[PDB]
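Chains as they are written, first to last, in my numbering: chain A, 34 to 76; chain B, 27 to 75; chain C, 49 to 162. All C-beta atoms in this analysis are idealised placements derived from N, C-alpha and C, irrespective of residue type, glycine included. Report on the following structure.
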């Protein structure tokens with residue numbers, strides 16, 4: 034099963050990721066049966 | 027395929043609902059009939075899972 | 049093993065009659081269904097007449113109802129076709145068909161109506 038969690042974090046900090054607390058809520062779930070070894074993001 | 031053909035000669039329309047066994051999501055299933063809910067009683071139940 | 053051969057053809061005029069035959073071997077006619085097909089020159093192959101395996105029901109194409117008659121013989125293993133009131137549109141090479149394992153098509157006999 035492949036699953037994706039997400040959160041939005043509406044505060045502003047252009048230096049780095051902040052030190053606050055935010056728990057991520059799931060979005061979807063999908064059975065694939067795939068031995069994933071690597072990935073690549075795209076623009 | 028003429029209309030004067032017999033029932034073994036006139037065709038039988040075929041669809042195939044094959045079920046194979048692979049590591050794939052079960053996407054299409056049949057309907058699940060659900061009864062009405064009762065409250066405030068000691069009752070067995072069958073929820074969504 | 050299974051072989052079909054066609055005989056009984058000839059040259060006829062408008063209004064004549066003929067009786068084709070399809071000798072059969074390797075299968076019984078009571079356990080299989082047969083069809084008759086024809087091939088006009090320049091036209092596609094079309095179904096003419098058929099007998100079911102029980103022999104009760106016989107069927108004919110839409111252009112040849114009321115004029116053709118198909119018959120079978122159990123002992124001689126020969127499939128016949130009696131054709132009457134002939135039009136010049138019926139100029140064709142006639143083939144008998146059966147599905148015994150694979151399809152077997154005979155060599156055909158030229159029948160001209162003119």
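For residue i and residue j, I'd like the C-alpha separation in whole angstroms.
| i | j | result |
| --- | --- | --- |
| residue 37 (chain B) | residue 78 (chain C) | 22 Å |
| residue 39 (chain A) | residue 62 (chain A) | 13 Å |
| residue 157 (chain C) | residue 119 (chain C) | 18 Å |
| residue 146 (chain C) | residue 55 (chain B) | 42 Å |
| residue 68 (chain A) | residue 34 (chain A) | 11 Å |
| residue 63 (chain B) | residue 70 (chain B) | 11 Å |
| residue 160 (chain C) | residue 124 (chain C) | 27 Å |
| residue 144 (chain C) | residue 97 (chain C) | 9 Å |
| residue 137 (chain C) | residue 62 (chain C) | 10 Å |
| residue 44 (chain B) | residue 72 (chain B) | 29 Å |
| residue 100 (chain C) | residue 80 (chain C) | 7 Å |
| residue 189 (chain C) | residue 104 (chain C) | Not covered by the structure: residue 189 (chain C). The range shown for chain C is 49 to 162. |
Checking contacts by CB at 8 Å: is residue i closer than that to chain C?
| i | result |
| --- | --- |
| residue 70 (chain B) | no |
| residue 38 (chain B) | no |
| residue 34 (chain B) | yes |
Pull the bridge partners of residue i from the DSSP assignment, please.
| i | result |
| --- | --- |
| residue 37 (chain A) | A:61 |
| residue 121 (chain C) | C:126 |
| residue 69 (chain A) | In DSSP, residue 69 (chain A) forms no bridge with anything. |
| residue 134 (chain C) | Paired residues: none, contrary to the question. |
| residue 151 (chain C) | C:147 |
| residue 86 (chain C) | C:94 and C:142 |
Please list, in chain order, the chain B residues whose beta carbon lies closer than 8 Å to that of residue i.
| i | result |
| --- | --- |
| residue 43 (chain A) | Within chain B, no residue comes near residue 43 (chain A); the closest Cβ sits about 33 Å away, beyond 8 Å. |
Which bits of chain A does residue i rub up against, with CB to CB less than 7 Å?
| i | result |
| --- | --- |
| residue 51 (chain B) | 63 and 64 |
State the start and end residues of the unbroken beta strand (DSSP E) segment that holds residue i.
| i | result |
| --- | --- |
| residue 74 (chain A) | Neither: residue 74 (chain A) is in no beta strand (DSSP E) and is coded neither H nor E. |
| residue 94 (chain C) | 93 to 99 |
| residue 71 (chain C) | 66 to 73 |
| residue 54 (chain C) | 51 to 55 |
| residue 107 (chain C) | 106 to 108 |
| residue 158 (chain C) | 157 to 161 |
What does residue i touch in chain C if you count any residue whose Cβ is under 9 Å from its own?
| i | result |
| --- | --- |
| residue 75 (chain B) | Going along chain C, no residue has its Cβ under 9 Å from residue 75 (chain B), so there is no contact; the nearest lies around 52 Å. |
| residue 30 (chain B) | 107, 108, 109, 110 and 113 |
If we define contact as Cβ-Cβ less than 8 Å, is residue i a contact residue for chain B?
| i | result |
| --- | --- |
| residue 100 (chain C) | yes |
| residue 81 (chain C) | yes |
Residue i versus chain B: which residues are under 9 Å apart at the beta carbon?
| i | result |
| --- | --- |
| residue 84 (chain C) | In chain order: nothing, as chain B lies at least about 12 Å away. |
Counting only beta-carbon separations shorter than 8 Å, does residue i have a partner in chain E?
| i | result |
| --- | --- |
| residue 36 (chain A) | Absent from the structure is chain E; the protein chains it does hold are A, B and C. |
Cβ of residue i versus every heavy atom of the ligand ATP: is any distance shorter than 7 Å?
| i | result |
| --- | --- |
| residue 75 (chain A) | As far as ligands go, the structure on display features none, and thus does not contain the ligand ATP. |
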